[PDB]
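Fold and contact review
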2 protein chains.
Amino acid sequence: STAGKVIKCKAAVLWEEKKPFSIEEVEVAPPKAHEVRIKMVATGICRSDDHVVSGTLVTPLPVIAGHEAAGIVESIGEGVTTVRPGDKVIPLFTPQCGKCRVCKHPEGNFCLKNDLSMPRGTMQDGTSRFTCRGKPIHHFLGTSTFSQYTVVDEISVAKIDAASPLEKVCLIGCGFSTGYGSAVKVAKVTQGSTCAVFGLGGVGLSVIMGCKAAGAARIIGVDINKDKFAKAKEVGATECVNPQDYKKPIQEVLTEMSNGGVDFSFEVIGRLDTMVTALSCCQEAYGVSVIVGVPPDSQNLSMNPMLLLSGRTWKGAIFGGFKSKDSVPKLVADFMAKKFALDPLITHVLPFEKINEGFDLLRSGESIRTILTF
Amino acid sequence: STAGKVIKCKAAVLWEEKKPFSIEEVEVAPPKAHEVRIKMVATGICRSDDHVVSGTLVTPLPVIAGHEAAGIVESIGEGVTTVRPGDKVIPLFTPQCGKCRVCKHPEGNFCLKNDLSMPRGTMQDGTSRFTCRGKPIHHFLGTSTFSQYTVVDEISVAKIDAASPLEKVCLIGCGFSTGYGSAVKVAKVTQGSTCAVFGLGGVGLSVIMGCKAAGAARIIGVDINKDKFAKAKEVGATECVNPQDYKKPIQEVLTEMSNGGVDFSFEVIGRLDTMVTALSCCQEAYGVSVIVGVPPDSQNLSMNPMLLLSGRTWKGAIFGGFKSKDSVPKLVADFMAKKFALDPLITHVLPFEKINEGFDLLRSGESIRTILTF
Ligand SMILES: NC(=O)c1ccc[n+]([C@@H]2O[C@H](COP(=O)([O-])OP(=O)([O-])OC[C@H]3O[C@@H](n4cnc5c(N)[nH+]cnc54)[C@H](O)[C@@H]3O)[C@@H](O)[C@H]2O)c1
Ligand SMILES: NC(=O)c1ccc[n+]([C@@H]2O[C@H](COP(=O)([O-])OP(=O)([O-])OC[C@H]3O[C@@H](n4cnc5c(N)[nH+]cnc54)[C@H](O)[C@@H]3O)[C@@H](O)[C@H]2O)c1
Ligand SMILES: OCc1c(F)c(F)c(F)c(F)c1F
Ligand SMILES: OCc1c(F)c(F)c(F)c(F)c1F
Ligand SMILES: [Zn+2]
Ligand SMILES: [Zn+2]
Ligand SMILES: [Zn+2]
Ligand SMILES: [Zn+2]
């Protein structure tokens, strides 16, 4: 009934940094060639969405944020072959064009069509599908999931199992897949190893899940909010430490606890100082540290390269290193087969209309993931 | 006969930074339990030795430096089982104790018994075997090869082929093995890949050799001294670039040349700025950059962690990642079997008495390796 027509719907528009989202009517254009218009069903609140609010992440405003979601295809533009109306889908904030040198590489996932490195806030064609109060509104990461309807490029959507519970599998669109893949694919955590995970939010919990799945013998959670420790232990942490409890810097504490440094460490917060701490705490000759947290815009860290010269490996990744369109349907299939759990990440459920309360819950430290339902 | 006796011999003593070596008589104590006294045959001049002179590397003075060498066992202490008098040997500036967590790790080589991190300038027992003009003289990296005779711990010496030409295979004690291993073992250069090598001295040329042995399709040498380019091309560089020739930063030049970034880059100079450039010039999603150079003591670099978040891997290594005592004899056997060449690294051969002249050749840009002969 809406194919080829502008849809008026509600969205959460961010007009200004450091302000509440405005739930109000937007106009969503129909999909152009190789575009897909999706009726959203569920979207998670990831800390990266909050970064847009805080200005930690710089992207053009005004914007419709949201990148962790699942929905149902309402219509497809000309030439779309990989989804159809009625299919369940997850938007892909890291696209998979399948054609660029990264998509062709066996270990690349950061497709060159991404809108993360130097955000334009548009569709692939450099234009917007969103109007609000007669003004064009930016997209975010090609996804813009804080809307009852969004339009995405075909390279930014994956078809998933028709029997998927969308209020759970939305987390495969960011936080679960990122954390789990950062452990199993990026770090390649080994059986019997010792891991340290800095930050015990939805992504860090997912890192612990992966480290446990990989067979780590010790998984040390690190957070300044000790209310995060119980859930971290439930999903596999063997012990948790709060840096505020110690006179000494936590890299020295973790090096002592691990009899000379950990095998694998993960920065899952977004602070320059914890990125250097996390590198330092892995064993100097053969340790690996993975940056997962999003750093504040345009700020440089300072570090002594002797940390690397001794043998450490330092790497980072977007979306757990997963090639997004290949991996998301497989991850949903594995979830359907109970290969991993998503419920431990979901602490709150709210209607979309209570998005601001959802952000309040994240900022207070109370929530892991709030799932918004449309 | 010298066994069990103090030897009076010639050595190059560094009494203070930024002064010439003093070629004079030292006394060399006999080896204690688990120690080996070696008559030196040949030693190379590595830039790391010059870093001790310049203050780039801090190590206790006065000192007998030198770490790239080969010689013949004069005598062994009680309990030595791995060499005998008359054996050809290479001292190991990275030891292999065989017992520490690093030595037991499949990918570790930076043995915890090393004297690099926190140099004491002693034998493993915290004492010195050297005196000069009645004063105790420090060891350097457990090796101290700028002497007619040295004493090393057993864990810091490898027995090599009795038919080895010691005036060539001394380079397996540092520069060849470091560069070659940085490419083949630490980076794991792939067939058909594009490499960039920053610094075309003895170590950087050995990195080129390894990149070519690994089947790289393109190997771009980078040096501010264009006199270094002809030999770089002889051993496998396909292109050479001088940053001073460009209005743009060389990371931009190399990204353009490689149609979006190199597969593998190597910092083989010792400058903070080139370490960040080398990381930047590798492809942002799947590139690997290896730090080989040694920069000025206690200086931090500045970098934007977004370089890592996109997917880059940044690592460093000592001695090409090789477990020293297992690897050095195999590298010498492979040299004897013509699997690689060492002559391209050797530009000058001088008597040991001309050590200062050999350092002046390095500092002036003329030489790659000077081999000093005893
Ligand atoms: N690389 C990616 O693809 C990717 C994906 C998803 C999220 N992110 C980022 O990952 C980070 C974590 O996201 P999330 O789990 O949704 O966030 P979150 O739920 O806010 O969790 C962060 C955790 O860090 C804790 N923390 C804060 N400061 C410190 C400190 N100084 N020391 C130790 N713990 C501290 C904090 O208490 C909280 O539990 C954010 O920076 C995201 O932007 C990156
Ligand atoms: N990691 C290890 O185990 C290890 C082993 C051996 C050597 N090293 C270090 O590796 C480095 C190279 O040693 P080497 O090959 O004996 O030294 P070298 O022979 O002096 O070569 C260094 C090269 O760098 C070139 N260079 C200098 N500045 C620049 C610049 N700004 N841009 C590009 N090129 C430049 C210079 O012209 C020269 O050709 C030194 O810092 C050594 O201390 C490390
Ligand atoms: O949470 C996933 C996520 C990221 F990892 C980013 F690096 C980023 F810029 C962003 F906008 C994002 F949403
Ligand atoms: O050239 C090898 C070498 C190094 F790689 C160092 F890191 C160091 F401190 C040193 F003294 C040395 F000789
Ligand atoms: Zn692509
Ligand atoms: Zn996210
Ligand atoms: Zn050891
Ligand atoms: Zn050296």
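Residues numbered from 1 in each chain as written, not as in the entry; some residues may be left out. Chains lettered and ligands numbered in written order. Heavy atoms only, no water.

Per the PDB entry, the recorded name for chain A is Alcohol dehydrogenase E chain, and the organism is Equus caballus. The record lists the entry's title as "Horse liver alcohol dehydrogenase with NAD and pentafluorobenzyl alcohol at 50 K". Here chain A is described in UniProt, under the heading Subunit, as follows: "Dimer of identical or non-identical chains of two types (E and S) coded by 2 separate genes at different loci." Note on chain A: under the UniProt heading Subcellular location, the record states "Cytoplasm". (UniProt positions renumbered as here; feature names shortened; annotations may be inferred.)

On a plain count of helices and strands, chain A comes out with eleven helices and 19 strands. By the compact-globule yardstick of 21 Å for 374 residues, chain A fits well, its C-alpha radius of gyration being 20 Å. Projecting the C-alpha coordinates of chain A onto the three principal axes gives extents of approximately 65 × 40 × 35 Å. Relative to its full complement of 374 residues, chain A shows a buried share of 61%. Look at the contacts in chain A between residues 6 or more apart in sequence, and 70% of them connect residues 24 or more apart. About 14,100 Å² of surface is accessible on chain A, with carbon and sulfur atoms providing 52% of the total. If the 42 positive side-chain charges of chain A are averaged to one point and the 38 negative ones to another, these points end up 3 Å apart. (Helix = DSSP H or I, 4+ residues; strand = E, 2+ residues; numbered from the N terminus. Rg over C-alpha atoms; globule rule 2.2 N^0.38 Å. Buried < 20%, exposed > 50% of the residue type's maximum accessible area, 1.4 Å probe, protein only. Contact = heavy atoms within 4.5 Å. Areas by Shrake-Rupley, 256 points an atom, 1.4 Å probe, with all protein chains shown as cover. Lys, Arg positive; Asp, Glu negative; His and termini not counted. Charge placed at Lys NZ, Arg CZ, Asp CG, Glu CD.)

Attention now moves to the coordination of the zinc ion (ligand 7). All names here are of chain B. The coordination sphere of the zinc ion (ligand 7) contains the protein donors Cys97 (SG), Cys100 (SG), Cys103 (SG) and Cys111 (SG), at a distance range of 2.3 to 2.4 Å. With four donor atoms in place around the zinc ion (ligand 7) and angles of 104 to 120° between them, the coordination shape is tetrahedral. Donor residues for the zinc ion (ligand 7) sit on one chain with the sequence pattern C-x2-C-x2-C-x7-C. Of this pair, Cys100 sits in the loop between β6 (88-91) and α2 (101-104) while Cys111 sits in the loop between α2 and β7 (130-132); the two residues are eleven residues apart in sequence, bridging distant segments of the chain. You'll find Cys100 and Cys111 in the same group, each marked buried. (Donors = N, O, S within 2.8 Å, 3.2 Å for Na, K, Ca; no water. Tetrahedral: all angles 85-135°; square planar, octahedral: opposite > 155°, others 65-115°.)

So, on to the interface of chain B and chain A. The interface of chain B with chain A comprises 43 residues on the first partner and 41 residues on the second. Interface of chain B and chain A: buried area, both sides summed, is about 3,300 Å²; carbon and sulfur atoms make up 59% of it. When residues of chain B are sorted by the area they lose upon contact with chain A, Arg101(B), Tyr286(B) and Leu309(B) head the list and together hold 22% of the total. Where chain B meets chain A, there are zero salt bridges. (Buried area = accessible area lost by both parts, 1.4 Å probe. Salt bridge = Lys/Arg side-chain N within 4 Å of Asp/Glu carboxyl O.)

This part covers the sheet that holds strand β4 (residues 63-64) of chain A. All names here are of chain A. Read from one edge of the open sheet, five strands run β4-β1-β2-β7-β8, paired in antiparallel fashion. Looking at strand neighbours, the two that pair on one side only are β4 and β8 (135-137), the edges of this open sheet. The pairing of strand β1 (residues 7-14) with strand β2 (residues 22-28) spans seven bridges and is antiparallel. When the bridges of β2 are listed, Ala12 appears paired with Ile23. (Pairing = 2+ DSSP bridges.)

Moving on, we come to the site of ligand 4. Residues in contact with ligand 4, as listed here, are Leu309(A), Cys46(B), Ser48(B), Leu57(B), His67(B), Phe93(B), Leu116(B), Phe140(B), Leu141(B), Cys174(B), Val294(B) and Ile318(B). With respect to ligand 4, the chains having nearby residues are chains A and B. Contacts to ligand 4 include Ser48(B), whose side-chain N or O atom sits 2.5 Å from an oxygen atom. One of the side-chain N or O atoms of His67(B) is found 3.1 Å from an oxygen atom in ligand 4. (Near = heavy atom within 4 Å. Polar contact = N/O pair within 3.5 Å; in protein donor to acceptor, adjacent residues only side chain to side chain.)

Residue and element names in this part refer to chain B. Note on placement: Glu357 falls in helix α11 (residues 355-364). By relative accessible area, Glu357 is classed as partly exposed at 40%. When the C-alpha atoms of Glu357 and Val53 are compared, they prove to be 14 Å apart, with 304 residues separating the residues in sequence.

Our next topic: the site of ligand 2. Looking at ligand 2, there are 28 residues lining it, with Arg47(B), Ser48(B), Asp223(B), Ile269(B) and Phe319(B) nearest. Residues within reach of ligand 2 are spread across chains A and B. Taking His51(B), its side chain carries an N or O atom lying 3.0 Å from an oxygen atom of ligand 2. The separation between an oxygen atom of ligand 2 and a polar main-chain atom of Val294(B) is 3.0 Å. For ligand 2, the accessible surface in isolation is 870 Å², of which the surrounding protein chains cover 91%. Mapped by element, the contributors of at least two residues to the shell around ligand 2 are α1 (47-54) and α5 (202-213) of chain B. In terms of residue count, α1(B) provides more of the shell around ligand 2 than any other element does, three residues in total. Its residues assigned to classes, the shell around ligand 2 shows 14 nonpolar, nine polar and five charged. (Nonpolar A, V, L, I, M, F, W, Y, C, P; charged D, E, K, R; others polar.)

Residues and elements named next belong to chain A. Protein-derived coordination of the zinc ion (ligand 6) comes from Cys46 (SG), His67 (NE2) and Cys174 (SG), at a distance range of 2.0 to 2.3 Å. Of note, the donors binding the zinc ion (ligand 6) are all from one chain and are spaced C-x20-H-x106-C. Of the two residues, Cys46 is situated in the loop between β3 (35-44) and α1 (47-54) and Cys174 in the loop between α3 (166-169) and α4 (175-187); the sequence distance between them amounts to 128 residues.

Here we take up the relation of the copies chain B and chain A. Superposing chain B onto chain A takes a rotation of 180° combined with a translation of 0.0 Å along the rotation axis, leaving an RMSD of 0.2 Å. A rotation of that kind, with that shift, is consistent with a two-fold axis. The share of interface residues of chain B whose copies in chain A are also at the interface is 95%, consistent with both copies meeting through the same surface. (Least-squares fit on C-alpha atoms.)

Here we come to the UniProt feature "binding site: Zn(2+) 1" in chain A. All names here are of chain A. The feature "binding site: Zn(2+) 1", as given by UniProt, occupies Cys46, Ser48, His67 and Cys174 in the numbering adopted here. The largest pairwise C-alpha distance within this set of annotated residues, which runs over 129 residues, is 9.8 Å, so the set is compact in three dimensions. We classify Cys46 as buried; its relative accessible area is 4%. The contacts of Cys46, once residues within four sequence positions are left out, are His67, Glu68, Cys174, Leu362 and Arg369. Its place among the elements puts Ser48 in helix α1.

For the rest of this paragraph, the subject is the nonpolar core. Soluble globular proteins: nonpolar side chains tend toward being buried together. Ranked by size, the top nonpolar core spans 242 residues in total, and within it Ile172(A), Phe266(A), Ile172(B) and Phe266(B) carry the most contacts. Excluding residues that lie within four positions of it along the chain, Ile172(A) makes contacts with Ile90(A), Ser177(A), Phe319(A), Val328(A), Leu331(A), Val332(A), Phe335(A), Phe340(A) and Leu342(A). Counting ten residues, the second-largest nonpolar core is a separate cluster that includes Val36(A), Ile38(A), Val80(A) and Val157(A). (Core = buried A, V, L, I, M, F, W, Y, C linked by side-chain atoms within 4.5 Å.)

A few words on the sheet that holds strand β4 (residues 63-64) of chain B. Taken in spatial order, the five strands line up as β4-β1-β2-β7-β8 (chain B) in an open sheet, and their pairing is antiparallel. Of all strands in the sheet, those bounded by a partner on one side alone are β4 and β8 (135-137) of chain B.

Residue and element names in this part refer to chain A. Close contact between α1 and helix α11 (residues 355-363) brings their axes to 11 Å; oriented N to C, the two are set at 100°. On the basis of the axis angle, α1 is roughly perpendicular to α11. Residues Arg47, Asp49, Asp50 and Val53 of α1 touch α11, and the partners they reach there are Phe359, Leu362 and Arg363. Residue classes in the contact of α1 with α11 are distributed as three nonpolar, no polar and four charged. (Axes fitted to C-alpha atoms, helices over the stretch in contact; angles between N-to-C directions. Parallel < 35°, antiparallel > 145°, perpendicular 65-115°, else oblique.)

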